[PDB]
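Residue numbers (the authors' numbering), protein chains in the order written: chain R, 48 to 109; chain C, 1 to 185; chain S, 2 to 94; chain W, 10 to 104, 121 to 133; chain G, 57 to 744; chain Q, 35 to 153. Don't be surprised by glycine CBs; every beta carbon is placed ideally from N, CA and C. Let me begin by presenting the structure, written as structure tokens, before commenting on it.
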Amino acid sequence: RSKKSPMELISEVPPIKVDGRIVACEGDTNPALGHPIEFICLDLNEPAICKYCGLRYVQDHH
Amino acid sequence: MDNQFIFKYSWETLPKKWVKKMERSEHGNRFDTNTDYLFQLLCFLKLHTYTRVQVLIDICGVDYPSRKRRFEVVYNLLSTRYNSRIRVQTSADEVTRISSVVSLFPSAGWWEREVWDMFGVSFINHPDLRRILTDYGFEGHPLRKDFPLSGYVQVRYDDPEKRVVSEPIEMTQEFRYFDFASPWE
Amino acid sequence: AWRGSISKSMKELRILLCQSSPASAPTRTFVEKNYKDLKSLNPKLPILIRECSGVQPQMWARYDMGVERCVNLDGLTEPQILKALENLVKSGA
Amino acid sequence: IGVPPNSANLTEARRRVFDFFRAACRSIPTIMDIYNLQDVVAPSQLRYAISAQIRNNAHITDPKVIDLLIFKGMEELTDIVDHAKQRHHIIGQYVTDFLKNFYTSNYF
Amino acid sequence: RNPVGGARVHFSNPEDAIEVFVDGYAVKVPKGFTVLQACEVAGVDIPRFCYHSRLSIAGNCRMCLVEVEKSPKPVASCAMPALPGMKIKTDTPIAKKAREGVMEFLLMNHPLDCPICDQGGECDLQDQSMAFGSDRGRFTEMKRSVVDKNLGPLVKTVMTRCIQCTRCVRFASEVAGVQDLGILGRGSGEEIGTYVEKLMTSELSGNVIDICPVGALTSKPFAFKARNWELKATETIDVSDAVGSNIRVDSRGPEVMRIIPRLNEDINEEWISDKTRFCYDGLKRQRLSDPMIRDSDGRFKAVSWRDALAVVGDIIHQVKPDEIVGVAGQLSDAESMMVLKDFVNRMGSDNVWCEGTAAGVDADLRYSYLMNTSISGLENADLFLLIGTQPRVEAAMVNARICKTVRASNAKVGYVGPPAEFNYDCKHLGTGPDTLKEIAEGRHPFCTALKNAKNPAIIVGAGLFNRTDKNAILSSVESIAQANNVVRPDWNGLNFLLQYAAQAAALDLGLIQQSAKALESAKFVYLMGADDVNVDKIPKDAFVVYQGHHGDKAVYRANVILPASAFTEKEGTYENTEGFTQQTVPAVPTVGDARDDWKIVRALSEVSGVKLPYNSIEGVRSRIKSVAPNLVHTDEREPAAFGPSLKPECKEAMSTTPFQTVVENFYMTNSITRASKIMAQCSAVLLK
Amino acid sequence: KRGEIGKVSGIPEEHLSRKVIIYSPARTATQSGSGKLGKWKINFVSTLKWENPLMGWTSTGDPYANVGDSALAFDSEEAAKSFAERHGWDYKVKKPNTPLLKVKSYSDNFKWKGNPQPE
Ligand SMILES: CCCCCCCCCCCC(=O)SCCNC(=O)CCNC(=O)[C@H](O)C(C)(C)COP(=O)(O)O
Ligand code: SF4
Ligand code: SF4
Ligand code: FES
Ligand SMILES: [Zn+2]
């Protein structure tokens with residue numbers, strides 16, 4: 048499919064569940080083939096969006 | 001011969017009035033002389049027994065649009081016998097004519113012609129001094145800091161007259177100059 | 002007499018004078034003591050004073066159609082400046 | 010032959026101007042019959058054109074500037090003599122207002 | 057050596073000049089001048105992160121460390137005061153390893169978001185890291201992170217990339233005058249924020265964008281639009297207000313990307329207002345590009361310049377020699393106003409004035425409408441008597457000087473007028489001219505405070521000139537000035553504050569309204585950028601011709617419309633409140649088929665059948681020399697010549713109505729900001 | 035005045051009458067370093083830059099679009115003035131604005147703030 052631009056296609060990916068105050072996002076599973084690592088403090092109840100990938104991380108606890 | 005040996009001997013042997021400015025470093029021995037003593041200095045360096053500079057590498061030219069003597073022609077020389085490299089440079093001007101060295105090194109004719117082509121520095125008693133690199137009818141000297149990179153005129157084919165014609169330049173996309181220079185330097 | 006009948010003769014009387022005033026000092030002495038008395042009896046008349054340190058002492062006037070009749074007062078005296086204003090007003094009428 | 014050294018005084022500059030103009034004239038028929046143009050332009054008006062071009066720089070005072078201008082003149086003349094300049098380049102090269126500028130563009 | 061950056065050292069005491077050895081080269085500096093400044097004098101540039109020359113000195117970030125021979129520990133050069141006979145050492149292994157050690161700590165917790173940082177190409181952190189830093193990098197463990205909290209529609213914040221240099225906090229506490237930003241927490245993990253939902257609601261609140269070194273605080277309208285290297289820097293002035301702050305327009309092609317303040321120690325002092333900074337958006341919004349003709353049915357149809365000019369020149373002949381009123385605009389260089397004045401005068405009419413409070417202003421002696429005290433000279437004042445001016449919304453960069461003087465010298469302010477919010481403690485004496493009459497009498501302690509205070513300043517706003525008793529109020533304030541002796545040969549206290557860029561130059565050229573009955577019975581109205589003058593006063597049958605670059609309200613009721621050029625693509629001169637004349641540079645090309653104001657007016661004049669002596673921009677400037685010669689001298693700080701004793705008596709009673717504000721929305725004053733998208737949404741949540 | 039070098043430069047004659055501005059660019063506000071100061075440049079006003087109606091590229095027809103920025107930098111005001119005078123351009127020098135160093139002390143943060151007198 049190609050009618051879905053990345054704008055409305057990245058929003059359909061459910062937010063990641065992770066424990067802890069911060070999470071490290073690297074993009075690809077291989078660090079060298081992803082983006083520079085991006086530690087994000089996911090303390091707000093809204094999911095924290097990685098600035099490079101656009102992936103959203105939310106805190107499972109609390 | 002050793003680089004410092006050329007320094008000492010040449011500075012001692014040379015007439016004192018010829019060399020205005022002279023420099024010693026690992027980059028290269030430099031003799032900055034006046035515009036009128038250049039021919040005599042080159043002749044001395046060509047014929048002297050200890051300093052036998054037989055081949056002229058090239059005649060350079062640097063434009064400094066911030067000093068009275070705007071241009072600076074650089075003569076790179078090489079002594080094949082003694083395995084040394086000396087560099088002689090002088091200062092020029094838009095209208096000042098500097099003596100040629102074609103009599104000493106016949107290969108310098110094309111370099112002098114291209115220096116005249118690029119910087120507009122005339123050479124005294126140079127046989128057949130004319131533009132060598134730029135096209136026919138070219139206006140302006142491209143290597144000056146004043147000359148725009150894209151030039152002043154274009155080239156295209158015009159159908160009403162079955163020939164290739166010239167117009168003032170009309171760039172489809174301007175040259176984007178990126179200013180990367182930063183402080184703390 | 003003539004002082005009152007200036008508004009109906011011209012408009013926008015300009016006077017220029019230097020700050021240091023090597024030669025504008027007579028003009029400054031004229032304008033300082035002959036402005037309040039003039040404007041008091043001459044209401045609704047713009048008498049502009051522009052200094053621009055480093056300028057010659059002109060004296061301009063604009064009539065009904067915008068014609069302009071500058072009078073140079075570089076080397077005049079205060080009574081002579083007043084008479085220059087005289088002949089400037091009368092030329093307008 | 011080689012490039013002349015320089016001109017110390019303005020008399021030598023005027024002499025060089027006259028020599029350049031004379032040489033350009035002695036070279037006027039060869040450029041008339043090498044570009045294959047006989048009736049389109051008479052040789053007379055090219056003389057007036059050259060005279061006007063020379064008189065254009067009448068306000069120059071420095072002898073060195075005069076010398077370099079004359080050298081450029083010989084360079085252009087020699088380029089024209091050879092079959093190197095493009096066809097009919099020479100004839101094209103050698104031949121209120123406020124409202125007019127306002128109606129066209131802001132940069133006049 | 058020469059001082060770095062051309063900095064000028066002012067020796068207020070020639071006798072006191074301690075001599076120090078910065079690196080073996082002895083230099084002389086006065087008392088004070090902390091070790092950093094001594095090195096600045098001697099041409100040595102020292103790294104700095106927390107030290108701003110405009111704010112209070114703080115000692116954190118430990119980056120400007122140097123070595124002093126008589127010091128065990130490396131000293132903070134930005135804080136340690138100079139002492140006579142110091143042997144400072146900058147290029148020393150101690151003073152170097154200090155810098156790499158400190159910057160390693162700075163970079164150990166910095167995020168790796170350089171490619172997406174809006175300050176990538178001009179970040180002090182990376183530019184100094186390349187020079188004064190170690191390339192290896194040792195930290196390997198997990199970094200920290202801070203969540204981003206929204207504040208303001210025009211300040212995009214990413215507090216992850218924030219070195220705690222507290223520069224923004226000091227700026228907000230000292231220069232801005234509103235205390236909303238602070239540092240919260242303790243130890244590794246301290247945050248900086250408002251701690252609540254509030255946003256930075258300040259007039260000069262956008263200066264935190266530049267003052268913050270790292271990309272923690274960046275402008276939201278300029279989010280990811282362009283990089284610094286692909287921006288042509290043009291140095292112009294501002295026309296949004298009458299302060300004339302120096303700016304630096306940055307453009308990528310035919311559009312303006314951002315406006316950056318330019319240093320000017322006498323006008324704005326490295327700061328600019330938000331209205332000045334974010335008005336660049338309006339220059340690409342709805343603009344007039346082609347001449348238009350009003351149709352029979354009310355439709356607008358674009359025509360050539362010849363057609364519209366022919367129509368205007370035909371209609372202008374039909375009217376009387378009078379009733380040819382022409383109104384200039386608040387955004388109009390001096391040349392254009394002069395050309396308009398000459399054109400109208402040669403038509404036999406003299407109904408020309410300036411847009412906004414020019415009904416009867418004398419404009420007569422150059423001090424009755426000028427800021428006689430220099431803007432930089434307000435720092436020597438010991439008392440301010442703000443009279444109906446409210447100089448927080450009319451002149452944003454004069455309130456900065458007032459607050460700087462109040463907080464530094466601890467002066468007193470006696471604001472009189474409508475209720476307002478101030479960045480500083482102000483004593484509201486009253487709301488109307490009755491308070492002025494009381495001040496001339498002394499029925500309050502403020503009269504004694506003013507009498508016992510030397511070097512006092514009386515600032516009178518331009519709003520008072522709209523009142524019918526302009527002469528009575530001016531006479532009252534002049535009597536207050538004379539009785540209290542605020543004007544002296546060595547110090548001129550009384551000064552007036554204008555509100556429009558094209559107002560001081562308009563009054564200098566001598567174009568003043570003579571009759572209050574104009575714009576009522578006058579048919580031919582030449583609206584030259586006057587976008588806010590009440591159009592209801594113009595009669596229905598007038599044939600109003602509008603000349604402007606933005607059309608908001610006058611465009612609807614306008615007949616034939618001539619598009620104009622904004623201030624970013626012209627060259628003409630603008631004047632300051634203090635009489636400073638400065639020019640503008642054509643940064644970007646004109647949009648559409650538009651010409652300069654003066655060119656259009658001269659073309660209309662030539663079409664109408666009258667000839668002017670000038671046909672080029674140089675000719676107009678020569679003409680100006682005969683009407684207001686000070687407008688052709690750019691770099692001249694000419695003071696006022698005459699005192700206020702030349703004014704005739706005004707015996708009429710003053711009034712009974714209290715003062716009224718002139719500007720309601722600070723973010724919508726001119727057509728440029730009124731048509732801007734960023735300014736509109738800024739004036740929605742930041743109003744209160 | 036004295037456009038002889040301009041005459042012999044060979045550049046199109048119509049470009050010899052251009053008005054130019056000579057100034058020293060000021061330090062940028064976004065940075066605190068002063069390593070880009072003291073150098074003078076000639077500013078040809080290359081205002082006209084339209085947009086290519088195929089891809090949005092910025093076209094130009096002014097030969098001096100970026101000469102004064104990419105190259106042609108002078109170490110002093112006198113050199114730039116002499117250069118513009120030699121090439122016969124109607125220059126207009128703009129003097130730069132320099133910061134004024136003032137006595138600033140750390141102790142000024144902590145003032146007695148007077149005496150709590152009744153007011
Ligand atoms: C087909 C043609 C081939 C060649 C084409 C070349 C066309 C351009 C020719 C070269 C253009 C130049 O500027 S090269 C020659 C430039 N030389 C000068 O301009 C001299 C300055 N003028 C004077 O000395 C006197 O005024 C003078 C007018 C001579 C007499 O007037 P008087 O005696 O009262 O003094
Ligand atoms: S603030 Fe500077 S160092 Fe930090 S990410 Fe942005 S450009 Fe890089
Ligand atoms: S937000 Fe900016 S100015 Fe404030 S402390 Fe952080 S880096 Fe410094
Ligand atoms: S810059 Fe001086 S300690 Fe931070
Ligand atoms: Zn990611």
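Once you ignore the five residues that flank residue i on each side, which residues in its own chain have a CB closer than 7 Å to its CB?
i	result
R:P62	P94, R103, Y104 and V105
G:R283	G176 and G177
C:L104	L42, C43 and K46
For the alpha helix (DSSP H) that contains residue i, what are its first and last residues?
i	result
W:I63	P52 to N65
G:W654	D653 to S664
G:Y612	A610 to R613
G:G675	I673 to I680
G:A187	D180 to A187
First and last residue of the beta strand (DSSP E) that includes residue i?
i	result
C:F44	From DSSP, C:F44 is part of no beta strand (DSSP E) but of the alpha helix (DSSP H) over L38 to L47.
S:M60	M60 to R63
C:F71	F71 to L78
C:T33	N29 to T33
R:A71	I69 to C72
C:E167	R163 to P168
W:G101	Not the beta strand (DSSP E): W:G101 falls in the alpha helix (DSSP H), residues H98 to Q102.
Near residue i, what residues of its chain come up, given a Cβ to Cβ distance below 8 Å and the 5 sequence neighbours on each side ignored?
i	result
G:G115	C106, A132, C134 and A135
C:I124	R97, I98, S99 and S100
Using a Cβ-Cβ cutoff of less than 6 Å, which residues in the same chain neighbour residue i once the five nearest sequence positions on both sides are dropped?
i	result
G:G208	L255 and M256
C:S91	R69 and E72
Q:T94	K83
Please decide whether residue i counts as near chain Q, where near means a Cβ-Cβ distance under 7 Å.
i	result
C:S66	yes
G:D588	no
residue 216 of chain C	In the structure displayed, chain C extends from 1 to 185; residue 216 of chain C sits before or after that span and is not available.
W:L19	no
If you measure from the beta carbon of residue i to each beta carbon in chain G, is any gap under 7 Å?
i	result
C:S99	no
R:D90	yes
S:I7	no
C:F180	yes
Against chain W, with Cβ distances strictly below 7 Å, would residue i count as a contact?
i	result
Q:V79	no
G:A572	no
C:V95	yes
Does any residue of chain C bring its CB to less than 7 Å from the CB of residue i?
i	result
Q:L106	yes
W:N65	no
Does any residue of chain S bring its CB to less than 7 Å from the CB of residue i?
i	result
G:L421	yes
In the segment 103-134 of chain C, which residues sit with their C-beta less than 7 Å from some C-beta in chain W, listed in chain order?
Within the segment 103-134 of chain C, the residues whose Cβ lies closer than 7 Å to some Cβ of chain W are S122, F123, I124, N125, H126, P127, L129 and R130, listed in chain order.
Report yes or no: do three or more beta-carbon pairs, one from the segment 329-345 of chain G and one from the segment 643-659 of chain G, lie closer than 8 Å?
Here the segment 329-345 of chain G lies against the segment 643-659 of chain G, with 3 or more beta-carbon pairs under 8 Å apart.
Tell me whether the segment 576-589 of chain G and the segment 67-85 of chain S touch, counting them as touching only if at least three CB pairs, one residue from each stretch, are closer than 8 Å.
Two segments are said to touch when three or more pairs of C-beta atoms, one from each, lie closer than 8 Å; by this definition the segment 576-589 of chain G does not touch the segment 67-85 of chain S.
Below 8 Å, can you find three or more Cβ-Cβ pairs linking the segment 654-669 of chain G to the segment 401-412 of chain G?
The segment 654-669 of chain G makes contact with the segment 401-412 of chain G, as at least three CB pairs between them are under 8 Å.
Does the segment 445-455 of chain G come into contact with the segment 470-484 of chain G, if we say contact requires no fewer than three beta-carbon pairs (one atom in each stretch) closer than 8 Å?
Counting Cβ pairs under 8 Å, three or more are found: they touch.
Inter-stretch contact (C-beta, 8 Å, three-pair minimum) for the segment 560-571 of chain G and the segment 386-399 of chain G
Judged by Cβ distances under 8 Å, the segment 560-571 of chain G makes contact with the segment 386-399 of chain G, as three or more pairs qualify.
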